[PDB]
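[1] before I ask anything, here's the sequence and the deposited coordinates:
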Amino acid sequence: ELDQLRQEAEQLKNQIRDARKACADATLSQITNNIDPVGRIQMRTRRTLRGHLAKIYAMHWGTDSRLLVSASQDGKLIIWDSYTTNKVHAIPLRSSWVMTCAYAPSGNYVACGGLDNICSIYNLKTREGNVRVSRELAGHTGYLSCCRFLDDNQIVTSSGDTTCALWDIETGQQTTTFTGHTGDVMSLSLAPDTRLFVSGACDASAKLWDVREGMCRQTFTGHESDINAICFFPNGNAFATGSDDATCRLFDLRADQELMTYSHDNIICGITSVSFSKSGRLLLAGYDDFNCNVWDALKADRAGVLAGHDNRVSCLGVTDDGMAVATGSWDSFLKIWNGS
Amino acid sequence: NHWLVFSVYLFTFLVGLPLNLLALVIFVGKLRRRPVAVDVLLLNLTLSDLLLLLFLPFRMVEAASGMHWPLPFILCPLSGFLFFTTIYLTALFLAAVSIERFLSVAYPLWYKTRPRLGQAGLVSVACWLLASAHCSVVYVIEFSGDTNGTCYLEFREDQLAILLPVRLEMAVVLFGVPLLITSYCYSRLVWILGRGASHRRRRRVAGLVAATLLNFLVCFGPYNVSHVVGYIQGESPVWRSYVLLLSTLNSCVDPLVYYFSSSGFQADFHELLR
Amino acid sequence: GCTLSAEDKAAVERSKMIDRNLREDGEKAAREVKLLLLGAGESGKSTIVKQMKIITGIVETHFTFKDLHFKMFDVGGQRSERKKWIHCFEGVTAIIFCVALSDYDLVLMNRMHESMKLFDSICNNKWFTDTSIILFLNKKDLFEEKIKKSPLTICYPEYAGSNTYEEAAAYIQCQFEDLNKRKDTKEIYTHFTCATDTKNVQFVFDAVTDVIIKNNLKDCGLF
Amino acid sequence: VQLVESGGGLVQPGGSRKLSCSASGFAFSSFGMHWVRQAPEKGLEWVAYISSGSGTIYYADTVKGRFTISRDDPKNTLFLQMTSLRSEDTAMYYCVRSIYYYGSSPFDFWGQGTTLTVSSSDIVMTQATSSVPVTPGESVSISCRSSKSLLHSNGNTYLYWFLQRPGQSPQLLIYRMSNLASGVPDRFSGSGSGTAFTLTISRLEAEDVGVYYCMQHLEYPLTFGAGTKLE
Amino acid sequence: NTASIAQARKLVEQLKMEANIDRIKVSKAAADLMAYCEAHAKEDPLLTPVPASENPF
């Protein structure tokens, strides 16, 4: 019967909780209370980027940290030259309902996906002058989320069918399938090393999956609601999670438990698009009160507020070199933030 | 006499500037996000209001000493031309936006499909030039008949002989025609909306129709009735300092009546304020 | 000032060319009406789609009626969280809801009661606080042969009216309209469909014209 | 991708003639097009250029105000008409394609050429060596010089290298002196500094001899180099 | 039933795989985290703003 199996699972969960609590001698706040604070931050936008006519859900600049891919609900993928405020390519999407963009480390492929249950890969550096759909991938029974780019031949995505997939670019067939989530899966940030990845489901669970082995290794439950944002802390030993409630949580990888959380009583709205700087000192998250928030990712205290937007911020990212921060909201406006 | 003019003029100057500038900012933002045909007309009317409200203070601060001008005679022509041009431009412009609203109500598909932004700009510039030339004719004729002299009081024989026909044409053409046009266009606005629609729709649109028509009547009525009375009587009225005063109050009521006109405008004003 | 680096001169212009295309699509999207289709169970969704199409994601419809290109999106093929992707459909011209009259007898709580909460969630949704809603009462002919045999008291214990279509249908429409908690800003266009005198497309066109008048009034000042 | 041109022949001086360049295999409507004239024994030369969408059109100094150009995207063709021909216009005309975006490769593919015969402050580029023997397996260097500093105030140079095989149209080798062209062997490389550029060929094999041309792109009156020939 | 047993067994096995992990103490992980943060502090434009003349944007 299943009663003894359920009891054994409960006992295993209790043992896991006891082991997690055993290695809780001190918290991160106590350690970081003796370090210099980040101080006041007054980053301002120096860009216009006025070419969209719908809500934007697009980030993942690329390796060059100069070209930025952008998508909206009008079914157009635009490549922005951030340095000169220019448009490179305009790809008309077959499905106008899309929330996913990737630029690939090579920089010659652009991936998109949404409620069409279709992952579209478009080739950029082609002999012709247009942008052709390099491949169409199907097999998901839910809205697509994230099109991360393990290699030029492998792409990992998530869907609302509580599964994650890893497909091959050359062959349009399923290669690796992950089925361990009980809710919709998004937030698939692809590590600093690309050897691993994590998925944030809608049942307050963040699960790390082995790319080669194809099995789950660690499960993190510290939220009280759905998680819709993730990062990987380019050091590679922790990751940040954002939920629809106004709180963010930093889960350590080796410790396999939460270190600390960023929250405030003055904010009640949601959180999207969690990203990290190249050093991990700052955490930037697009909140749902028409502005972004920058937190100190070591102690607790806030660092700054980026209010240069009119609608809810949906996408937000930082370049590989950490030069500037891109932010896209629902007002069809993309902003680039820099220090002074 | 002196109190009734300068106190209300300074009240108008103090009140009008803030909400008019905020209306400018909000309409600039509205055109920035997405432009419509009525937005350019409304912004042009409000900038005409700015032009009136920024140049009438020059005529305001002299204590109104017996309708005498301490400043040189060069400035009466410019001030009068600008002020009358603004007043008649308002009368042209709300009729134009009435035509646009009637076109939107009667033929929603025609408004949705055809991008009349260029036509709206052409209408605005045509009304601008028409009002400018029309009000320029009056002060070009009223230049000279040949402390020492003043403007807009008892004129001379040659000036009065020519002023009466053009003023009567002003009252019967630049006011009567726009009023007839706006009534003609606004009569069917409720008639079409009556057939198969909610009661709150008809109530709100009828209330706004009443508000706009009452604003036009109360503000521009006494001026024009004194205008037509002067033609039969022959002389220049004394309540000009009064009736024109009422028109000045219009400059304070256009932004207010516009604020509660549109729910989206109310939301934009509420959220944009810092 | 800096000669614009020659090649960049040909670059920005290309970007401008893209702009020339982009707005050309955007304006094309301005004059296009988008409608959302929803339903709890079958609700005659397939019948309505087939009827209106002659004139695993989203089954879009490209049908046109009187120089107005209507867009119909079906979201019943997705089995996931509703509110995760319900904000993407905000700002549509109108939303079409389909329910079945003959669903008060079948269960799996009856189907119509299950549709009531869906209708309440859609009408009271924050993203749909200013969009007009069109409701279709399908399976009208089945009600005629079902009400005589199956009394309406099973679904409505607080009903004591005559067991006639003209009264039961009116009561159902009123009950569906009572769920609109924001009637001061939204309206419900309720209609019955049948396999004859196909005025359903005409009714949808009339509702679209009404909501277009509403939107134009919002844009043009008054209301 | 294919570019084929027609309209050649022998014409008396003072006549008018049009050349038609038709493209099959890529998007003509989004590509700028250039015309390059080659003398029977001298080097390549620029004629004119028309941008995508017929936005900006430029002509050479010797042909300014006399030649005319046009395109038809629905027909995917480029027409260039000449009036009042002279003896100095006797050259083979190449219709070439280019695109201008971040990390683009202008002049990537050239045409085929048409034989036209007549019965009767610009930045200059000079190559020190015009001919030098080569061997199958040794590394060689080709130097190009410019009268102006090609290093624009953005971080990149506008040098291009073109190879003309003995019987084939010129083909791009490297662009911007630092990026390799598509489909070209990795043996070729380029480097240098302001007003002094070098191109290195290492592990050279057979079936690669021809004429080498260096291009500046700082300002529209593009001028070819003298030409380096290896045998 | 005959279907829930397989799901329960799969869940038990999945918990068993992650039951034993050679995890480290939270204090050591946090110390390594701040060490990495302070090691690349000078190279992070987010924390230390770059001069305007060298700023690319």
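    Looks like it came in fine. Numbers count the residues shown, from 1 in each chain, chains lettered A, B, ... in the order given.

[2] ok and the residue in chain E nearest chain C?
    Among all residues of chain E, residue E:56 sits closest to chain C, at 15.2 Å; criterion: C-beta to the nearest C-beta. For every residue, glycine as well, the C-beta is placed using N, CA and C.

[3] typo on my end, the stretch 151-300 of chain A
    Closest contact between the stretch 151-300 of chain A and chain C, by C-beta to the nearest C-beta, is at residue A:160 (3.2 Å).

[4] and that residue, how many neighbours?
    The tally of other residues near residue A:160 (other C-beta atoms under 10 Å in any protein chain shown) stands at 24.

[5] not counting its neighbours along the chain, what's nearest it?
    Distance criterion C-beta to C-beta, 6 or more residues apart in numbering or on different chains; nearest residue to residue A:160, sequence neighbours excluded, is residue A:142 at 2.8 Å.

[6] now swap in residue D:161 and tell me
    Spatial nearest neighbour of residue D:161, chain neighbours left out: residue D:173 (4.2 Å); criterion: C-beta to C-beta, 6+ apart.

[7] I'd say that neighbour and residue D:184 touch.
    Yes - the pair residue D:173 / residue D:184 is scored as a contact, 5.7 Å apart, by C-beta atoms under 8 Å.

[8] which of the two has more residues huddled nearby?
    Neighbours were counted for residue D:173 and for residue D:184 using other C-beta under 10 Å; residue D:173 has more, 20 against 14.

[9] make sure I have this right: that one is in a helix.
    No - checked against DSSP: H, G, I helix; E, B strand; the rest coil, residue D:173 lies outside a helix; its state is strand.

[10] so how far is residue A:131 from it?
    26 Å (C-beta to C-beta, to the nearest Å).

[11] repeat that for residue C:179.
    46 Å.

[12] more crowded one of these two?
    Comparing residue C:179 with residue A:131 by neighbour count (other C-beta under 10 Å), the higher total belongs to residue A:131, at 20 against 16.

[13] skip the chain neighbours and tell me the closest residue to the residue most central in space within chain C.
    Chain C has residue C:96 as the residue nearest its centroid, 1.7 Å off, counting by C-alpha atoms, centre = their mean. Closest residue to residue C:96 apart from its sequence neighbours, by C-beta to C-beta, 6+ apart: residue C:134 at 4.6 Å.

[14] show me what the helix or strand hosting residue B:103 is packed against.
    Using DSSP states H and E, residue B:103 sits within helix B:75-106. Helix B:75-106 sits against helix B:37-60, helix B:108-113, helix B:117-141, helix B:176-194, helix B:199-233, helix B:240-259, helix C:200-219, with contacts defined as 3 or more C-beta pairs under 8 Å, 6 or more residues apart in numbering or on different chains; DSSP states H and E.

[15] let's have those helices in JSON lines, adding mean neighbour count and distance to chain E.
    JSON lines is the format used below for those (neighbours: other C-beta atoms under 10 Å in any protein chain shown; distance: least, C-beta to the nearest C-beta, whole Å):
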{"stretch": "helix B:37-60", "mean neighbour count": "20", "distance to chain E": "33"}
{"stretch": "helix B:108-113", "mean neighbour count": "17", "distance to chain E": "40"}
{"stretch": "helix B:117-141", "mean neighbour count": "16", "distance to chain E": "34"}
{"stretch": "helix B:176-194", "mean neighbour count": "16", "distance to chain E": "51"}
{"stretch": "helix B:199-233", "mean neighbour count": "16", "distance to chain E": "48"}
{"stretch": "helix B:240-259", "mean neighbour count": "18", "distance to chain E": "39"}
{"stretch": "helix C:200-219", "mean neighbour count": "19", "distance to chain E": "36"}
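
[16] for chain D, what's its nearest residue on the stretch 1-150 of chain A.
    residue A:129 (3.5 Å).

[17] might one say that that residue is in contact with residue D:32?
    No - applying C-beta under 8 Å as the test, residue A:129 and residue D:32 come out as separate, 10.5 Å apart.

[18] who's more crowded, those two?
    Comparing residue A:129 with residue D:32 by neighbour count (other C-beta under 10 Å), the higher total belongs to residue D:32, at 23 against 17.

[19] quickly list what that one is bridged to.
    Beta-bridge partners for residue D:32, by DSSP bridges, are residue D:98.

[20] may I see the buried residues of the helix or strand that contains residue D:4?
    Assessed by DSSP H and E, residue D:4 sits inside strand D:2-6. Residues D:3, D:5 are the ones in strand D:2-6 that count as buried (16 or more other C-beta atoms under 10 Å in any protein chain shown).

[21] ok, stretch A:92-99 next?
    Residues of stretch A:92-99 classed as buried: A:93, A:95-99 (neighbour count, 16+ other C-beta under 10 Å).

[22] does any part of that stretch sit near chain C?
    Yes - shown here: stretch A:92-99 in contact with chain C (C-beta under 8 Å from any C-beta of the partner chain) through A:92, A:95, A:97, A:99.

[23] can you put these in JSON lines and add secondary structure?
    Output for those, formatted as JSON lines (three-state DSSP):
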{"residue": "A:92", "secondary structure": "strand"}
{"residue": "A:95", "secondary structure": "coil"}
{"residue": "A:97", "secondary structure": "coil"}
{"residue": "A:99", "secondary structure": "strand"}
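
[24] distance of the residue in the stretch 101-250 of chain A that chain B sits nearest to relative to residue B:4?
    Closest to chain B within the stretch 101-250 of chain A is residue A:246: 20.0 Å, counting by C-beta to the nearest C-beta. Going from residue A:246 to residue B:4 by C-beta to C-beta gives 58 Å.

[25] now swap in residue C:141 and tell me
    Distance from residue C:141 to residue B:4, by C-beta to C-beta: 76 Å.

[26] more neighbours: which of these two?
    The residue with more neighbours, out of residue C:141 and residue B:4, is residue C:141; 15 against 12, by other C-beta under 10 Å.

[27] mind telling me what element that one is part of?
    Going by DSSP H and E, residue C:141 is part of helix C:140-147.

[28] and residue A:292, how many neighbours does it have?
    Residue A:292 has 25 neighbouring residues, counting by other C-beta under 10 Å.

[29] got the contact list for the residue nearest to residue A:19 when sequence neighbours are not counted?
    Spatial nearest neighbour of residue A:19, chain neighbours left out: residue E:23 (7.5 Å); criterion: C-beta to C-beta, 6+ apart. The contact partners of residue E:23, taken as C-beta atoms under 8 Å, 6 or more residues apart in numbering or on different chains, are A:19, A:23, A:254-256.

[30] do residue D:88 as well
    residue D:62.

[31] report the separation between it and chain B.
    The gap separating residue D:88 from chain B is 49 Å, by C-beta to the nearest C-beta, to the nearest Å.

[32] which residue packs closest to the closest residue to chain B within the stretch 201-340 of chain A, ignoring adjacent ones?
    Closest to chain B within the stretch 201-340 of chain A is residue A:331: 7.9 Å, counting by C-beta to the nearest C-beta. Nearest residue to residue A:331, sequence neighbours excluded (C-beta to C-beta, 6+ apart): residue A:311, at 3.8 Å.

[33] neighbours of the one you found, just the number please.
    15.

[34] same deal with residue A:268?
    Using other C-beta under 10 Å, residue A:268 is surrounded by 11 other residues.
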